[PDB]
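Shown here: final-v6.tsv, TSV, C-alpha atoms.
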chain	number	residue	atom	x	y	z
A	1	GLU	CA	67.77	197.63	194.74
A	2	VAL	CA	67.66	194.00	193.67
A	3	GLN	CA	68.97	193.05	190.23
A	4	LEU	CA	68.19	189.87	188.32
A	5	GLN	CA	69.61	188.42	185.13
A	6	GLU	CA	67.95	186.27	182.50
A	7	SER	CA	69.40	184.14	179.72
A	8	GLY	CA	68.43	181.39	177.32
A	9	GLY	CA	67.16	183.25	174.26
A	10	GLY	CA	68.30	182.36	170.77
A	11	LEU	CA	67.41	181.63	167.17
A	12	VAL	CA	65.56	178.32	166.92
A	13	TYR	CA	62.94	176.66	164.76
A	789	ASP	CA	63.51	171.24	169.28
A	790	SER	CA	64.94	172.73	172.48
A	791	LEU	CA	65.87	176.17	173.80
A	792	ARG	CA	65.94	176.76	177.52
A	793	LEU	CA	65.41	179.84	179.66
A	794	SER	CA	67.75	180.72	182.50
A	795	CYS	CA	66.86	183.57	184.86
A	796	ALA	CA	69.92	183.82	187.07
A	797	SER	CA	70.50	185.65	190.34
A	798	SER	CA	73.52	187.52	191.69
A	799	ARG	CA	72.09	189.30	194.76
A	800	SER	CA	69.51	188.51	197.42
A	801	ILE	CA	69.02	184.80	196.78
A	802	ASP	CA	65.68	183.16	197.49
A	803	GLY	CA	64.96	185.48	200.42
A	804	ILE	CA	62.32	186.71	198.02
A	805	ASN	CA	58.56	186.73	197.87
A	806	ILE	CA	56.70	185.75	194.66
A	807	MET	CA	58.67	186.21	191.42
A	808	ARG	CA	57.38	186.20	187.87
A	809	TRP	CA	58.13	186.04	184.14
A	810	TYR	CA	56.85	188.42	181.48
A	811	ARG	CA	56.88	188.38	177.71
A	812	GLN	CA	55.69	191.15	175.43
A	813	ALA	CA	54.24	190.08	172.09
A	814	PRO	CA	54.71	192.63	169.30
A	815	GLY	CA	52.60	195.77	169.44
A	816	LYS	CA	51.33	194.90	172.92
A	817	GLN	CA	52.02	195.51	176.61
A	818	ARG	CA	53.53	193.09	179.12
A	819	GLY	CA	51.93	190.43	181.29
A	820	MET	CA	52.37	187.30	183.34
A	821	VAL	CA	53.14	183.95	181.74
A	822	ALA	CA	54.26	181.75	184.62
A	823	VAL	CA	55.13	182.41	188.28
A	824	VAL	CA	56.43	180.75	191.40
A	825	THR	CA	56.31	181.84	195.03
A	826	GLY	CA	57.94	181.32	198.36
A	827	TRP	CA	55.52	178.42	198.46
A	828	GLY	CA	56.81	177.67	194.99
A	829	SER	CA	53.39	176.69	193.71
A	830	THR	CA	53.68	176.33	189.94
A	831	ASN	CA	51.20	178.34	187.89
A	832	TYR	CA	51.31	179.72	184.38
A	833	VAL	CA	49.20	181.53	181.77
A	834	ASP	CA	46.86	179.46	179.62
A	835	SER	CA	48.93	179.85	176.46
A	836	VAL	CA	51.53	177.36	177.69
A	837	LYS	CA	49.44	174.63	179.29
A	838	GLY	CA	51.69	171.61	179.51
A	839	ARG	CA	53.98	173.66	177.37
A	840	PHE	CA	55.61	175.67	180.12
A	841	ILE	CA	56.83	174.04	183.35
A	842	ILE	CA	58.29	176.30	186.02
A	843	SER	CA	60.68	175.49	188.87
A	844	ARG	CA	62.77	176.89	191.70
A	845	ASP	CA	66.15	176.43	193.36
A	846	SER	CA	67.13	177.66	196.77
A	847	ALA	CA	70.82	177.86	195.89
A	848	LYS	CA	71.01	179.08	192.32
A	849	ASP	CA	67.75	181.08	192.31
A	850	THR	CA	67.28	180.56	188.60
A	851	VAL	CA	63.95	179.34	187.32
A	852	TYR	CA	63.90	177.14	184.20
A	853	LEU	CA	61.25	176.02	181.72
A	854	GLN	CA	60.54	174.26	178.45
A	855	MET	CA	59.86	176.07	175.14
A	856	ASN	CA	58.77	173.85	172.27
A	857	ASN	CA	55.57	172.55	170.68
A	858	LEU	CA	55.83	175.92	169.13
A	859	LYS	CA	53.43	178.45	167.66
A	860	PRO	CA	54.11	181.30	165.18
A	861	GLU	CA	53.03	183.61	167.98
A	862	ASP	CA	55.95	182.35	170.01
A	863	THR	CA	58.16	184.99	168.40
A	864	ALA	CA	58.47	187.46	171.28
A	865	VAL	CA	60.79	188.72	174.04
A	866	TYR	CA	60.86	186.84	177.34
A	867	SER	CA	61.76	188.14	180.81
A	868	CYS	CA	61.46	187.85	184.59
A	869	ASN	CA	60.39	189.89	187.65
A	870	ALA	CA	60.75	190.18	191.42
A	871	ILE	CA	59.35	192.40	194.19
A	872	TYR	CA	60.09	193.60	197.75
A	873	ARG	CA	58.85	195.87	200.50
A	874	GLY	CA	56.43	197.69	198.21
A	875	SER	CA	58.82	198.02	195.26
A	876	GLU	CA	58.87	195.91	192.10
A	877	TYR	CA	61.92	195.08	189.99
A	878	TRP	CA	61.98	193.98	186.35
A	879	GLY	CA	64.71	192.04	184.59
A	880	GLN	CA	66.53	192.41	181.30
A	881	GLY	CA	64.20	190.66	178.87
A	882	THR	CA	65.31	188.69	175.82
A	883	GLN	CA	64.00	187.60	172.42
A	884	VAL	CA	62.49	184.28	171.36
A	885	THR	CA	62.27	182.49	168.02
A	886	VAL	CA	59.57	180.16	166.77
A	887	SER	CA	60.28	178.73	163.33
B	55	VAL	CA	57.45	219.23	158.89
B	56	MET	CA	55.09	216.44	159.92
B	57	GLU	CA	57.05	213.29	159.07
B	58	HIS	CA	59.69	214.18	161.64
B	59	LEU	CA	57.00	215.41	164.05
B	60	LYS	CA	55.07	212.19	163.42
B	61	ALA	CA	58.35	210.55	164.48
B	62	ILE	CA	59.89	212.90	167.04
B	63	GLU	CA	56.78	213.77	169.07
B	64	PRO	CA	55.67	210.12	169.52
B	65	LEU	CA	59.26	209.27	170.48
B	66	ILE	CA	59.15	212.03	173.12
B	67	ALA	CA	56.50	210.02	174.99
B	68	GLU	CA	58.49	206.94	175.99
B	69	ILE	CA	61.71	208.86	176.56
B	70	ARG	CA	59.91	210.39	179.48
B	71	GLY	CA	59.07	206.97	180.79
B	72	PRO	CA	61.90	204.77	182.03
B	73	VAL	CA	63.81	207.60	183.67
B	74	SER	CA	60.53	209.08	184.91
B	75	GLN	CA	59.51	205.56	185.90
B	76	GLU	CA	62.87	205.31	187.65
B	77	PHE	CA	61.91	208.58	189.34
B	78	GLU	CA	58.66	207.05	190.56
B	79	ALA	CA	60.79	203.95	191.20
B	80	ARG	CA	63.37	205.97	193.13
B	81	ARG	CA	60.60	207.80	194.99
B	82	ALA	CA	59.15	204.40	195.82
B	83	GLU	CA	62.03	204.44	198.26
B	84	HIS	CA	60.70	207.87	199.22
B	85	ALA	CA	57.34	206.15	199.68
B	86	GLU	CA	59.08	204.45	202.59
B	87	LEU	CA	61.11	207.56	203.41
B	88	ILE	CA	58.24	210.05	203.77
B	89	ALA	CA	56.63	207.21	205.74
B	90	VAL	CA	59.59	205.92	207.76
B	91	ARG	CA	60.65	209.42	208.81
B	92	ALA	CA	59.23	208.88	212.31
B	93	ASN	CA	61.25	205.72	213.02
B	94	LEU	CA	63.92	207.90	214.63
B	95	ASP	CA	61.36	209.57	216.88
B	96	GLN	CA	60.10	206.23	218.19
B	97	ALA	CA	63.74	205.16	218.42
B	98	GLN	CA	64.47	208.41	220.28
B	99	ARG	CA	61.91	207.31	222.88
B	100	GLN	CA	63.75	204.21	224.07
B	101	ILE	CA	67.20	205.80	223.98
B	102	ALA	CA	66.26	207.73	227.11
B	103	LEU	CA	63.92	205.28	228.85
B	104	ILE	CA	66.54	202.55	228.72
B	105	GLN	CA	68.98	205.27	229.74
B	106	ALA	CA	66.43	206.00	232.45
B	107	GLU	CA	66.25	202.24	233.02
B	108	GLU	CA	70.01	201.67	233.25
B	109	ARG	CA	70.13	204.56	235.73
B	110	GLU	CA	67.98	202.40	238.00
B	111	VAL	CA	70.35	199.60	237.04
B	112	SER	CA	73.16	201.98	237.93
B	113	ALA	CA	71.24	202.86	241.07
B	114	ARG	CA	70.74	199.15	241.69
B	115	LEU	CA	74.39	198.53	240.80
B	116	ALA	CA	75.35	200.40	243.96
B	117	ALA	CA	72.96	198.11	245.83
B	118	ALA	CA	75.18	195.24	244.68
B	119	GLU	CA	78.82	195.76	245.67
B	120	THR	CA	78.00	197.94	248.68
B	121	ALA	CA	76.28	195.08	250.51
B	122	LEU	CA	79.53	193.15	250.01
B	123	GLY	CA	81.53	195.26	252.46
B	124	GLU	CA	78.73	195.86	254.95
B	125	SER	CA	77.94	192.17	255.43
B	126	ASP	CA	81.70	191.28	255.47
C	38	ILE	CA	67.94	214.79	184.59
C	39	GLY	CA	69.35	213.25	181.44
C	40	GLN	CA	65.77	212.30	180.53
C	41	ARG	CA	64.30	215.63	179.55
C	42	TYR	CA	67.37	217.34	178.10
C	43	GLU	CA	66.97	214.77	175.34
C	44	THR	CA	63.21	215.34	175.34
C	45	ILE	CA	63.90	219.06	174.97
C	46	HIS	CA	65.71	218.20	171.74
C	47	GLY	CA	62.55	216.42	170.63
C	48	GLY	CA	60.84	219.73	171.21
C	49	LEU	CA	63.94	221.51	169.92
C	50	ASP	CA	63.25	219.70	166.67
C	51	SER	CA	59.82	221.32	166.41
C	52	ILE	CA	60.95	224.82	167.36
C	53	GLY	CA	62.86	226.02	164.30
C	54	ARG	CA	62.33	223.29	161.74
C	55	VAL	CA	58.60	223.97	161.59
C	56	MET	CA	59.14	227.71	161.30
C	57	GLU	CA	61.99	226.96	158.92
C	58	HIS	CA	59.31	225.25	156.84
C	59	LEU	CA	56.45	227.59	155.99
C	60	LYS	CA	58.54	230.72	155.54
C	61	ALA	CA	60.19	228.55	152.89
C	62	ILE	CA	56.74	227.63	151.70
C	63	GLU	CA	56.53	231.41	151.29
C	64	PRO	CA	58.69	231.15	148.13
C	65	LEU	CA	56.87	227.88	147.44
C	66	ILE	CA	53.75	230.04	147.53
C	67	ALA	CA	55.45	232.38	145.07
C	68	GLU	CA	55.48	229.37	142.84
C	69	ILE	CA	51.85	228.70	143.70
C	70	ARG	CA	50.37	232.01	142.49
C	71	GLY	CA	53.43	232.48	140.26
C	72	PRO	CA	52.49	230.01	137.57
C	73	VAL	CA	49.08	231.39	138.40
C	74	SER	CA	50.72	234.74	137.80
C	75	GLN	CA	51.19	233.27	134.35
C	76	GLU	CA	47.88	231.38	134.57
C	77	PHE	CA	45.09	233.62	135.87
C	78	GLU	CA	46.47	236.67	134.09
C	79	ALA	CA	47.63	234.97	130.89
C	80	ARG	CA	44.42	232.99	130.66
C	81	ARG	CA	42.67	236.37	130.68
C	82	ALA	CA	43.45	237.62	127.19
C	83	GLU	CA	42.57	234.12	126.00
C	84	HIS	CA	39.60	234.33	128.36
C	85	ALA	CA	39.00	237.79	126.91
C	86	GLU	CA	40.10	238.47	123.36
C	87	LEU	CA	39.62	235.47	121.05
C	88	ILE	CA	35.85	235.92	121.34
C	89	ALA	CA	36.54	238.96	119.15
C	90	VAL	CA	37.99	236.69	116.45
C	91	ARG	CA	34.75	234.68	116.38
C	92	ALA	CA	33.01	238.01	115.86
C	93	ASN	CA	35.65	238.68	113.23
C	94	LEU	CA	34.68	235.22	112.05
C	95	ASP	CA	31.16	236.56	112.38
C	96	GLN	CA	32.36	239.63	110.50
C	97	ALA	CA	33.22	237.32	107.62
C	98	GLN	CA	29.80	235.65	107.77
C	99	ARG	CA	27.72	238.73	106.97
C	100	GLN	CA	30.45	239.62	104.51
C	101	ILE	CA	29.91	236.07	103.26
C	102	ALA	CA	26.14	236.53	103.15
D	34	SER	CA	54.88	213.23	194.18
D	35	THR	CA	51.69	214.62	192.70
D	36	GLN	CA	53.76	217.12	190.73
D	37	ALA	CA	55.80	214.15	189.53
D	38	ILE	CA	52.60	212.16	189.22
D	39	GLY	CA	50.54	214.72	187.31
D	40	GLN	CA	53.23	215.85	184.91
D	41	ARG	CA	53.47	212.66	182.87
D	42	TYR	CA	49.69	212.64	182.47
D	43	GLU	CA	49.64	216.23	181.21
D	44	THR	CA	52.57	215.95	178.83
D	45	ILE	CA	51.47	212.62	177.38
D	46	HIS	CA	48.09	214.08	176.52
D	47	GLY	CA	49.84	217.31	175.71
D	48	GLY	CA	52.05	215.20	173.49
D	49	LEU	CA	49.25	213.04	172.12
D	50	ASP	CA	46.78	215.85	171.48
D	51	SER	CA	48.56	218.62	169.60
D	52	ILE	CA	50.23	216.12	167.30
D	53	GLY	CA	46.94	214.95	165.82
D	54	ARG	CA	45.67	218.36	164.75
D	55	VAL	CA	48.67	219.34	162.68
D	56	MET	CA	48.40	216.35	160.35
D	57	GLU	CA	44.98	217.36	159.13
D	58	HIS	CA	46.31	220.74	157.91
D	59	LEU	CA	48.88	218.62	156.08
D	60	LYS	CA	46.67	215.69	155.08
D	61	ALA	CA	44.43	218.44	153.72
D	62	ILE	CA	47.31	220.27	152.03
D	63	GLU	CA	48.14	217.59	149.48
D	64	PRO	CA	44.55	217.07	148.19
D	65	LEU	CA	43.40	220.71	148.16
D	66	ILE	CA	46.63	221.67	146.43
D	67	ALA	CA	46.47	218.56	144.24
D	68	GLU	CA	43.89	220.12	141.97
D	69	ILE	CA	46.09	223.09	141.15
D	70	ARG	CA	47.87	220.38	139.20
D	71	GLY	CA	44.78	218.49	138.07
D	72	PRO	CA	41.99	220.78	136.81
D	73	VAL	CA	44.38	223.73	136.51
D	74	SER	CA	47.29	222.26	134.59
D	75	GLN	CA	44.38	220.83	132.75
D	76	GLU	CA	43.80	224.53	132.16
D	77	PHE	CA	47.31	224.20	130.79
D	78	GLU	CA	46.39	221.11	128.76
D	79	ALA	CA	43.06	222.54	127.67
D	80	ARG	CA	44.75	225.81	126.68
D	81	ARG	CA	47.77	224.05	125.22
D	82	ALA	CA	44.97	222.41	123.28
D	83	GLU	CA	42.92	225.63	123.13
D	84	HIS	CA	45.60	227.37	121.08
D	85	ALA	CA	45.51	224.55	118.52
D	86	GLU	CA	41.72	224.22	118.34
D	87	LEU	CA	41.14	227.90	117.66
D	88	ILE	CA	44.13	227.77	115.30
D	89	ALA	CA	41.84	225.62	113.16
D	90	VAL	CA	39.59	228.60	113.81
D	91	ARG	CA	42.49	230.91	113.13
D	92	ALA	CA	42.33	228.79	110.01
D	93	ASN	CA	38.62	229.57	109.86
D	94	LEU	CA	39.30	233.30	109.89
D	95	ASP	CA	40.69	233.41	106.33
D	96	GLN	CA	39.12	230.67	104.24
D	97	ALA	CA	36.01	232.85	103.98
D	98	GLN	CA	37.38	236.05	102.53
D	99	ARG	CA	38.98	234.22	99.62
D	100	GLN	CA	36.36	231.53	99.13
D	101	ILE	CA	34.17	234.56	98.72
D	102	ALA	CA	36.95	235.84	96.50
E	52	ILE	CA	49.67	227.81	159.40
E	53	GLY	CA	51.78	230.85	160.31
E	54	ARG	CA	50.06	231.09	163.68
E	55	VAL	CA	51.45	227.75	164.88
E	56	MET	CA	54.88	229.37	164.58
E	57	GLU	CA	54.23	232.01	167.22
E	58	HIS	CA	51.60	229.79	168.84
E	59	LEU	CA	54.26	227.17	169.54
E	60	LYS	CA	57.17	229.56	170.20
E	61	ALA	CA	55.16	230.45	173.27
E	62	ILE	CA	54.52	226.76	173.93
E	63	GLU	CA	57.97	225.21	173.67
E	64	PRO	CA	59.56	227.94	175.84
E	65	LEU	CA	57.05	227.08	178.58
E	66	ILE	CA	57.75	223.37	179.06
E	67	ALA	CA	61.42	224.16	178.49
E	68	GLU	CA	61.03	226.44	181.49
E	69	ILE	CA	58.73	223.81	183.03
E	70	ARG	CA	60.90	220.67	182.57
E	71	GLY	CA	64.04	222.01	184.22
E	72	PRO	CA	62.36	223.14	187.44
E	73	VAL	CA	61.05	219.61	187.79
E	74	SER	CA	64.64	218.42	187.65
E	75	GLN	CA	65.75	220.80	190.39
E	76	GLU	CA	62.61	219.85	192.29
E	77	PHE	CA	63.73	216.30	191.62
E	78	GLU	CA	67.26	217.40	192.49
E	79	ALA	CA	65.88	218.63	195.79
E	80	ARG	CA	64.40	215.33	196.97
E	81	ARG	CA	67.38	213.58	195.40
E	82	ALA	CA	69.42	215.27	198.12
E	83	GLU	CA	66.98	214.06	200.76
E	84	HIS	CA	66.73	210.70	199.01
E	85	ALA	CA	70.16	209.70	200.27
E	86	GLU	CA	70.17	211.43	203.64
E	87	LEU	CA	67.42	209.45	205.37
E	88	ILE	CA	69.17	206.31	204.14
E	89	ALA	CA	72.17	207.70	205.99
E	90	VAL	CA	69.76	208.52	208.83
E	91	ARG	CA	68.82	204.82	208.88
E	92	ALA	CA	72.39	204.36	210.09
E	93	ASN	CA	71.37	206.40	213.14
E	94	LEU	CA	68.37	204.10	213.29
E	95	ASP	CA	70.68	201.15	212.67
E	96	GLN	CA	72.99	202.73	215.24
E	97	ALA	CA	70.19	202.42	217.80
E	98	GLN	CA	69.40	198.97	216.42
E	99	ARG	CA	73.01	198.04	217.02
E	100	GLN	CA	72.97	200.13	220.21
E	101	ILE	CA	70.09	198.58	222.10
E	102	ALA	CA	71.35	194.99	222.12

Once you've parsed the file, please lay out its structure as structure tokens.
Amino acid sequence: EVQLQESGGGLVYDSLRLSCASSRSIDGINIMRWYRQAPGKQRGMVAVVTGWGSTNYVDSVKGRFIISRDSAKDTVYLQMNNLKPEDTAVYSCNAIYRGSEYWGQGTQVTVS
Amino acid sequence: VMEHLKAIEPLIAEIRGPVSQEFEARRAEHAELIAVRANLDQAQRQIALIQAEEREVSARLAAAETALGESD
Amino acid sequence: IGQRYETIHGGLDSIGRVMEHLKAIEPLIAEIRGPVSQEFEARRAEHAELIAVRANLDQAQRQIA
Amino acid sequence: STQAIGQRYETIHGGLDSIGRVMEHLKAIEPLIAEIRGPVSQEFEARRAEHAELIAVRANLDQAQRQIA
Amino acid sequence: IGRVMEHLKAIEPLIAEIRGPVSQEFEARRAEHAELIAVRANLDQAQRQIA
């Protein structure tokens, strides 16, 4: 019954962050993930961290996404620039427990 | 007759989903629940054995304060 | 389940509206053989009778000759 | 939840299948009824012309009987 | 095309009488969905009990 909250989307051509907050069940989590869904397509991984917090991503953001973890805030961050016209999409998060998965809200992204 | 049906019927698809997904998401709890039904039964095992155990404790409890007066 | 009651409306759209359609194409049919009711029939005399005038034209010709 | 599992599969295909068929009785209704306008209100245009072209023949029906006169 | 009228008016009434019973079938487990969670309290009762 875990709930997670993103933020950081906005209109932008540079610097625009992503904040994926946390109000319940902090850091006592297994692996958690981010999704984005490019237009007319399904969803998929982009970048994840773990309890081990190993930083891995999806090839489209090599050196162009960096992922991190707090214990206290439980709110991964990133970088989103060096931009590509395909960057126009909706970004999100994910988390999972005990055999159940939980999405986030999911928010839009501007490349311009 | 088709333009609305080429709109309404495709829309019908994904208005099943999230609530139906929530149903399979809610019954993911049931995935535990139809599985974790027996946890009481295994719990019901120890509630008597320890009760059987503390009886020996209770039986041994008498062994405790009674030897007080007899030795005295 | 709030889900399907809405999905029923999606079906509820198809229930009457479709049948509300073709029965109204039934008068639209009436204007599909209706101009035909002025076409197939009123072509006929033209498809029938003005050949007689050519013969009447032909009637002139042997009168001419 | 096989009943809950199998229902979405059936309806989605139930949804996805019957929808396709009904377009082709539409997508065939505009072309096969298009020609009732095209070659058949041509039968208008030809006949709207056919009156006038045999009118020159309706003209032809009485030059003769006075040119012979 | 007239057939689809009566062909469907047998088809929509079916799922309409097929959707609802799913909901009550859902409504059934929905009742048991909560209860075993409340039964976990009995389990948690023993959990709290044993110590």

* To do: Restrict the distance test to only C-alpha atoms, flag each residue of chain B within 12 Å of chain A, and return the flagged residues as a list in words.
  =>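 Using only C-alpha atoms, chain B residues at most 12 Å from chain A: residues 72, 75, 76, 78, 79, 80, 81, 82, 83, 84, 85 and 86 of chain B.
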
Surrounding residues of residue 57 in chain B excluding itself and chain neighbours under 6 positions, 12 Å, only C-alpha atoms, as an mmCIF file with C-alpha atoms, in the frame of the given file:
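Result file follows (around_0.cif):
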data_model
loop_
_atom_site.group_PDB
_atom_site.id
_atom_site.type_symbol
_atom_site.label_atom_id
_atom_site.label_comp_id
_atom_site.auth_asym_id
_atom_site.auth_seq_id
_atom_site.Cartn_x
_atom_site.Cartn_y
_atom_site.Cartn_z
ATOM 1 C CA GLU B 63 56.780 213.770 169.070
ATOM 2 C CA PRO B 64 55.670 210.120 169.520
ATOM 3 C CA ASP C 50 63.250 219.700 166.670
ATOM 4 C CA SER C 51 59.820 221.320 166.410
ATOM 5 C CA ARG C 54 62.330 223.290 161.740
ATOM 6 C CA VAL C 55 58.600 223.970 161.590
ATOM 7 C CA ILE D 52 50.230 216.120 167.300
ATOM 8 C CA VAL D 55 48.670 219.340 162.680
ATOM 9 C CA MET D 56 48.400 216.350 160.350
ATOM 10 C CA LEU D 59 48.880 218.620 156.080
ATOM 11 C CA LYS D 60 46.670 215.690 155.080
#

Residues of chain C within 12 Å of chain E: nearest atom pair and distance (Å, one decimal) for each, counting all atoms listed in the file, sorted by chain and number, as a Markdown table?
| residue | atom | partner | partner_atom | distance |
| --- | --- | --- | --- | --- |
| C:38 | CA | E:74 | CA | 5.8 |
| C:39 | CA | E:74 | CA | 9.4 |
| C:40 | CA | E:74 | CA | 9.5 |
| C:41 | CA | E:70 | CA | 6.8 |
| C:42 | CA | E:71 | CA | 8.4 |
| C:43 | CA | E:70 | CA | 11.1 |
| C:44 | CA | E:70 | CA | 9.3 |
| C:45 | CA | E:67 | CA | 6.7 |
| C:46 | CA | E:67 | CA | 10.0 |
| C:47 | CA | E:63 | CA | 10.4 |
| C:48 | CA | E:63 | CA | 6.7 |
| C:49 | CA | E:63 | CA | 8.0 |
| C:50 | CA | E:63 | CA | 10.4 |
| C:51 | CA | E:63 | CA | 8.4 |
| C:52 | CA | E:60 | CA | 6.7 |
| C:53 | CA | E:56 | CA | 8.7 |
| C:54 | CA | E:56 | CA | 10.0 |
| C:55 | CA | E:56 | CA | 7.2 |
| C:56 | CA | E:56 | CA | 5.6 |
| C:57 | CA | E:56 | CA | 9.4 |
| C:58 | CA | E:56 | CA | 9.8 |
| C:59 | CA | E:53 | CA | 7.1 |
| C:60 | CA | E:53 | CA | 8.3 |
| C:61 | CA | E:53 | CA | 11.4 |
| C:62 | CA | E:53 | CA | 10.4 |
| C:63 | CA | E:53 | CA | 10.2 |

* **Contacts of residue 96 in chain C at 12 Å (all atoms listed in the file; same-chain gap of 3+ positions) as JSON, numbers by chain** => {"C": [88, 89, 90, 91, 92, 93, 99, 100, 101, 102], "D": [93, 94, 95, 97, 98]}

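Here is the contact set of chain D against chain B, at 12 Å and counting all atoms listed in the file: residues 34, 35, 36, 37, 38, 39, 40, 41, 42, 43, 44, 45, 46, 47, 48, 49, 50, 51, 52, 53, 54, 55, 56, 57, 58, 59, 60 and 62 of chain D.
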
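Residue list for chain B within 10 Å of chain E: residues 77, 80, 81, 83, 84, 87, 88, 90, 91, 93, 94, 95, 96, 97, 98, 100, 101 and 104 of chain B, counting all atoms listed in the file.
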